[PDB]
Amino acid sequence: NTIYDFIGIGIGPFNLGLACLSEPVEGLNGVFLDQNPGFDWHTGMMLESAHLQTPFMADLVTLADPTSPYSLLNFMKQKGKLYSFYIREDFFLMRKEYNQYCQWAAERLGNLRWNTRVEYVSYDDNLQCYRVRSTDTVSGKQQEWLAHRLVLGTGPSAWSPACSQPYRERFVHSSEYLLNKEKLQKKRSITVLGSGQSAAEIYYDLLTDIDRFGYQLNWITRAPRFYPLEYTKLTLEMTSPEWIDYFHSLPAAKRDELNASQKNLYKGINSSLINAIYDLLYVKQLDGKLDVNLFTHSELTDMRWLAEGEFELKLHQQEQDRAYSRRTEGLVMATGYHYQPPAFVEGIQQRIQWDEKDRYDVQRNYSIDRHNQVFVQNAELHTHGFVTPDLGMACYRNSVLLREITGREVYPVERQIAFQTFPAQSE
């Protein structure tokens, strides 16, 4: 019967944000569909010690509306622990607590529909809207949802280098780490492959028990250094509306060349952790020479499993321009995630703007179609820059989505916060 103003497909932290922000808006009928039974965010990398890299004000709502009851501070109050959080005096939430908070919010909301796997989406020429075919996971029932606008907040999927595909059975991706940790620690050697925060957290986790179990503990990365995530406040001003307006110079190549070489700004390791790793190598080394190796500049060219019972990683050191091999029993592939458009998007291919490399040619308002109806959350890294996976700019993006969806500026979008001037400007 009744057409929705928008349907959100996927309830990651971004669409969960949109949901908290959209619920109290007058005359906005929106619904969110997810296939899982509840919210559960990236639980394979929930080590006890792990925090977010982002202060708590980058919760679901506060940067758009601090008065929202879905705030992290309000959560803390309802759980009856806000004074403890006050005494803690720490800007950075534990991942476990953020996950608990997101679950509390998802439970409180009314506009979420869990256990709803979207199977196909199509544009109905006769009704002039989008038709979303779902399947209820608990009952099997088929249902169709009508909507003027879609907002695609699907997650990305685990990614390993192309040459590793034949050994998926042996190595463990970061996402499978916690489950296979006990099995890894029984091995003679472990190698973490990858540059980011996940790799570092894992490396630190294993380094903790290097004296307790046998293992050699290696870390190989393509990155030129173990670079920290750049957190100096003048650079943080680049994660801003003003910079994003600037960044829409509109020259795509520049954008793509900028995104390689701005990796300090989004793909870095938390500075504290790099230093904690050095300090732990130092402390462990007091009992004897440690059996560790750490390489940089190193691309994985090929790999192979030997009868011996070991991997042989062929590596290319790009700076030196010289190839070399390394061996390991255990292999943790902390190579992160890649977004690729979900199966259901096949049904609206001709309605989507694609760029030269067959990804979404995303517009400034986060839209993927030719009429401001199909929007995307995350997966605009190539055209909106390093700011896209940031929870800190979730409220910004959600606020402009709500502006497009509803016509009005529902949440005011702060477009002059920064001391710098980014574009050229004469006097």
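Start at 1 with the first residue shown and count on from there.
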Which wins on mean Cα temperature factor, 64-72 or 363-371?
-> 363-371
Stretch with the higher entry mean CA B-factor, where the candidates are 354-362 and 26-34 = 354-362
Looking at 143, 116, 298, 84, which has the highest CA B-factor as recorded?
-> 143
Please pick out which of 89, 319, 279, 257 has the largest Cα B-factor as recorded in the entry.
-> 257
Among the modelled residues of its chain, does the C-alpha B-factor of residue 400 lie in the lowest, middle or highest third?
-> lowest
Select lowest, middle or highest to describe the third in which the CA B-factor of residue 336 falls within its chain in this entry.
-> middle
Among all modelled residues of this chain, ranked by Cα B factor, put residue 163 in the bottom, middle or top third, i.e. lowest, middle or highest.
-> highest
Record-listed C-alpha B factor of residue 237: chain third | middle
In terms of its chain's C-alpha B-factors, the third that includes residue 266 is the highest
